[PDB]
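Return atomic coordinates for the entry below.
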Amino acid sequence: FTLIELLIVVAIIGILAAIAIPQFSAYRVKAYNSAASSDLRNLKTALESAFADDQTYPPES
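Numbering: from 1, shown residues only. Right below this line is the structure:
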């Protein structure tokens, strides 16, 4: 019933949200980009190792 309860609830949740939205938006972004980059790295380096691809190229081309 007191405005003190409302002030505290809006304060604590105000901090929780203000950090959560950017931190979590950029988290799902960096997870998309971590998995995306590592997909293009891990499968390509495996292809170059399995077929021994570097054999047909000069040192640091």
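
can you give me the strands for the chain?
In the chain, no strands are found when defined by DSSP state E.

what about the helices in it?
3-50 (DSSP state H).

For the most centrally placed residue in the chain, give me its contacts.
Computing the C-alpha centroid of the chain and ranking residues by CA atoms, centre = their mean puts residue 30 first, at 1.8 Å. Listed by CB atoms under 8 Å, 6 or more residues apart in numbering, residue 30 has no contact partners. All C-beta spots, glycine's among them, are computed from the backbone N, C-alpha and C.

mind checking how far it is from residue 37?
To residue 37, residue 30 is 10 Å away according to CB to CB, to the nearest Å.

And for residue 11?
Relative to residue 37, and taking CB to CB, residue 11 is found at 39 Å.

same question, residue 50
Relative to residue 37, residue 50 is positioned 20 Å away (CB to CB).

Repeat that for residue 49.
For residue 49 relative to residue 37 (CB to CB), the value is 18 Å.

same deal with residue 44?
Distance from residue 44 to residue 37, by CB to CB: 11 Å.

now swap in residue 55 and tell me
Distance from residue 55 to residue 37, counting by CB to CB: 26 Å.

Those two: which has the busier surroundings?
Using other CB atoms under 10 Å, the more surrounded residue of residue 55 and residue 37 is residue 37, with 10 against 7.

Any idea how far stretch 10-18 is from the middle of the chain?
Centroid separation for stretch 10-18 versus its chain: 24 Å, with CA atoms, centre = their mean, to the nearest Å.
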